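# Results of the structural survey
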Amino acid sequence: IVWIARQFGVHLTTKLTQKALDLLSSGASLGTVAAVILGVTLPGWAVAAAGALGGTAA
C-alpha cells in the first residue's frame, strides 16, 4: 500500500491503510482495493510490482 501511494501520488492515512489491509486480507484483489480505497486505477505492471511486497509495503 505504501509503494502504491508513493508511486501514484496518494496521501496515505492510517485509516485508508487499515481499510485496505483488512479488505486485501479478506480476499479483495490488490487492484480493486487500490481503486476503491486508494482512488488509483493501477496498470498491470504496477499491480505486479506492488504485489511482490508484503501488504503494508505494497
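Please refer to the structure placed before this passage.
Residues numbered from 1 in each chain as written, not as in the entry; some residues may be left out. Heavy atoms only, no water.

## So, the overall build of the protein chain
Of the regular secondary structure elements, the protein chain holds 4 helices and 0 strands. Counting helices and strands in the order they occur from the N terminus, the protein chain gives α-α-α-α. Taking 2.2 N^0.38 as the reference for a compact globule, 58 residues should give roughly 10 Å; the C-alpha atoms of the protein chain span a radius of gyration of 10 Å, in line with that estimate. With the principal axes as the frame, the protein chain shows a C-alpha extent of 25 × 25 × 20 Å. Burial analysis of the protein chain (58 residues in total) assigns 29% to the buried set. For the protein chain, long-range pairs separated by at least 24 residues make up 59% of all intrachain contacts whose partners lie at least 6 apart in sequence. Approximately 3400 Å² of the protein chain is accessible, and the part contributed by carbon and sulfur atoms is 58%. (Helix = DSSP H or I, 4+ residues; strand = E, 2+ residues; numbered from the N terminus. Rg over C-alpha atoms; globule rule 2.2 N^0.38 Å. Buried < 20%, exposed > 50% of the residue type's maximum accessible area, 1.4 Å probe, protein only. Contact = heavy atoms within 4.5 Å. Areas by Shrake-Rupley, 256 points an atom, 1.4 Å probe, with all protein chains shown as cover.)

## Focus on the nonpolar core
Counting residues in hydrophobic clusters, the biggest one holds 16 residues, and the most contacted among them are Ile4, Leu38, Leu42 and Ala50. Per element, the largest residue contribution to this core is 5 residues, and it comes from helix α3 (residues 30-38). (Core = buried A, V, L, I, M, F, W, Y, C linked by side-chain atoms within 4.5 Å.)

## Comments concerning the environment of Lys15
Along the chain, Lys15 turns up in helix α2 (residues 14-26). Note on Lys15: relative accessible area 51%, which makes it exposed. Placed 35 residues apart in sequence, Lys15 and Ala50 show a C-alpha to C-alpha distance of 20 Å.

## Looking at the environment of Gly54
Within the secondary structure, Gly54 is located in the segment after α4 (44-51). As for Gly54 and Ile1, which are separated by 53 residues in sequence, their C-alpha atoms are 8.9 Å apart.

## A short note on the environment of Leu12
Along the chain, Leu12 falls in the loop between α1 (2-8) and α2. Given the relative accessible area of 25%, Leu12 is considered partly exposed. Linking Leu12 and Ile1, residues 11 residues apart in sequence, is a C-alpha distance of 8.4 Å. Ignoring sequence-local partners within four residues, the contact set of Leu12 consists of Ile1, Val2, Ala5, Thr17 and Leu38.

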